[PDB]
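Structure at a glance
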Amino acid sequence: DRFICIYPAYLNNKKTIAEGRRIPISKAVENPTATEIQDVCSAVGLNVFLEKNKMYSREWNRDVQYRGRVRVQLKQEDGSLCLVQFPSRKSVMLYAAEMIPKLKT
RNA sequence: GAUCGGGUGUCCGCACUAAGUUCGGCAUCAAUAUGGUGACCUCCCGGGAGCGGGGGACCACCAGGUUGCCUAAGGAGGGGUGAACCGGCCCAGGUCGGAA
């Protein structure tokens, strides 16, 4: 249950920094959903599970494309990292916004 | 002192003026030092979230301290709208995050 939280607004380049965005607009994607975040994180070897009805507090869009929250495992509960490539949440958010466009485009 | 010279201001659909009487049109500058506000961009740092700590970049408006290669004149006036989603703020309920 000590898994970090990642919203689709963290990688949304059509959102300002005050609207939820966590990475620059140069390395962010246009409208990533919580299923594109879980699929490209689980495709590198990460422990990710999807909470499809978990919305963002700063998100206002009541429709389905903007809901969702992905919960990623960084530590095996012994303090050690699951992968040495993902030590922080920012290395999980710069990887998913790099592999999401390879899916549909 | 009789007529009466010599000359003006009353009479005009008049000539030109320009203190007022009255309603409109157009128009109404910019740079500095200080602080403030709002946004936005980009980094670190902490967190299971809503979030919290910190470094810069840029934009507009704002207060008021000096000013000008500034005006035909350019107030640091007064007000109103700020909504059907675009100012900021305080935000009931609701609502999203939370075990709270």
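Within each chain the first residue of the written sequence is number 1 and the count goes on from 1 in that order, possibly differing from the entry; residues lacking coordinates are omitted. Each chain gets a letter, beginning with A, and each ligand a number, beginning with 1, in the order they are written. Any value quoted here refers to the chains shown, not to the larger assembly they are part of. The side-chain quantities take in all heavy atoms of the structure and omit both hydrogens and water. Residues with missing side-chain atoms are left out of burial classes, side-chain pairs and their counts.

So the rule is basically this: UniProt positions are given in the numbering used here, feature names are shortened, and annotations may be inferred rather than shown by experiment.
Going by what the PDB entry lists, chain A is known as Signal recognition particle subunit SRP19 and is assigned to Canis lupus familiaris. Looking at the PDB record, one finds the entry titled "Structure of a prehandover mammalian ribosomal SRP and SRP receptor targeting complex". In its Subunit section, the UniProt record describing chain A reads: "Component of a signal recognition particle complex that consists of a 7SL RNA molecule of 300 nucleotides and six protein subunits: SRP72, SRP68, SRP54, SRP19, SRP14 and SRP9. Interacts with IPO5, IPO7, IPO8, KPNB1 and TNPO1. Interactions with IPO8 and TNPO1 may be involved in SRP19 import into the nucleus (By similarity)."

1. Some remarks on the protein's contact with RNA strand B
In plain terms, the rule: Near, as used in this document, describes a residue that has one of its heavy atoms within 4 Å of the molecule or strand being considered. By the criterion applied in these results, polar contacts are pairs of N or O atoms within 3.5 Å in which, for protein atoms, one can donate a hydrogen and the other can accept it, and in which residues neighboring in sequence qualify only through two side-chain atoms. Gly falls in the polar group here, along with every residue not listed as nonpolar (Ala, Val, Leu, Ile, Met, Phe, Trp, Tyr, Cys, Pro) or charged (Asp, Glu, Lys, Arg).
Taken together, 23 residues lie around RNA strand B, and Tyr10, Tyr56, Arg58, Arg62 and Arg69 are the ones closest in. The share of sugar and phosphate among atoms of RNA strand B within 4 Å of the protein is 82%. Here a phosphate oxygen of RNA strand B sits 3.4 Å away from a polar atom, N or O, in the side chain of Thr16. Separating a phosphate oxygen of RNA strand B from a side-chain N or O atom of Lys27 is a distance of 3.3 Å. The class makeup of the residues in the surface near RNA strand B is 11 nonpolar, three polar and nine charged.

2. A word on the pattern of salt bridges
To keep things clear, this is the line we draw: When a carboxyl oxygen of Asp or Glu lies within 4 Å of a side-chain nitrogen of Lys or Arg, that pair is called a salt bridge. A run of H or I in DSSP counts as a helix once it spans at least four residues, and a run of E counts as a strand once it spans at least two, with each numbered from the N terminus. Under the scheme applied here, a residue whose accessible area is under 20% of the maximum for its type counts as buried, over 50% as exposed, and between as partly exposed, the area being computed with a 1.4 Å probe on protein chains only.
One pass over the full model with this rule turns up four salt bridges. Residue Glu30 is joined to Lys14 by a salt bridge in which the shortest nitrogen-to-oxygen separation is 3.8 Å. Of this pair, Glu30 sits in the loop between β1 (4-6) and α1 (34-42) while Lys14 is found in the loop between β1 and α1, placing the two residues 16 residues apart along the sequence. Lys14 matches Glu30 in its accessibility class, with the two residues each being exposed. Between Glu51 and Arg71 there is a salt bridge, with its nearest N and O atoms 3.5 Å apart. Taken as a pair, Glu51 in strand β2 (residues 47-51) and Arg71 in strand β3 (residues 69-73) lie far apart in primary sequence, 20 residues in all. Accessibility assignment for this pair places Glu51 and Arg71 in one class, buried. Taken together, the shared-partner salt bridges in this structure form one network comprising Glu51, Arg69 and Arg71.

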